[PDB]
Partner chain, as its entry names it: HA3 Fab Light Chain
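We begin with a single chain expressed as structure tokens, specifically the form solved without its partner chain.
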């Protein structure tokens, strides 16, 4: 996934609070995660893809290989089973936990990176631009 590599900065976000509420993030956690404009750094070293989210308080990073299931502890402290694939040119991530599942799509749109998170009829869209 060479097209996703780079440092991305959040320039737009919609329905994110509603999305976190839907997945089950507590008001307090949902409050801090919301009151911050993350920095997304994506890099690939060999067959390993690393995605890192940086902010002035909460840092998280995941390392994985495409198509290989892995354990992930999310920003909101959820222990989930993730699988990331490259489908239709986009990185599609599926998080599974407690019989629930949510989809996170990262796609390139021109000079921007769009992240679409869907959970039970709720769609959150985050637009990032290259730093």
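Residue numbers count along the first chain shown, from 1.
Not pictured, yet referred to below: the form solved in complex with its partner chain.
By the criterion of a heavy atom within 4.5 Å, residue 30 is counted among the residues contacting its partner chain in the deposited complex. At least one heavy atom of residue 25 is located within 4.5 Å of its partner chain in the deposited complex. At the 4.5 Å threshold, heavy atoms of residue 100 reach its partner chain in the deposited complex.
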